[PDB]
């Protein structure tokens, strides 16, 4: 029912920027809060940022506040994560998801992000 296509990852140097995008389909996008999660190998998955269904409220992990910005476009069914001032600690595969269904265990492919020291 749900399909999430992430892109925009890559390799940058400490201090660079990346814009992640997620194109969503198969559910009523405007009805759900969306989140960006990151999964590094061997580490706990972390919810990086989240945005309510309307965009009116946002959540950020403390370590990315002021550097990451989450947004959404309900006309285009898209979620964005603008990552500025990247740091090595940000290296991970990034996945986007409707909050309500994170527990269901179905994920897109994610998009790899590597920040060279």
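Residue numbers count along the first chain shown, from 1.
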Notebook entry, point to check: Lowest, middle or highest third: where is residue 47 by Cα B-factor in its chain?
Noted result: lowest
Next item on the list: Would you please rank residue 38 by its C-alpha temperature factor against the other modelled residues of its chain and give the third it falls in: lowest, middle or highest?
Entry: lowest
Check: Against its chain's modelled residues, does residue 25's Cα B factor rank lowest, middle or highest third?
Finding: middle
Check: So where's residue 71 on the chain's Cα temperature factor ranking, which third?
Finding: lowest
Notebook entry, point to check: Which third of the chain holds residue 98 when residues are ordered by C-alpha B factor: lowest, middle or highest?
Noted result: middle
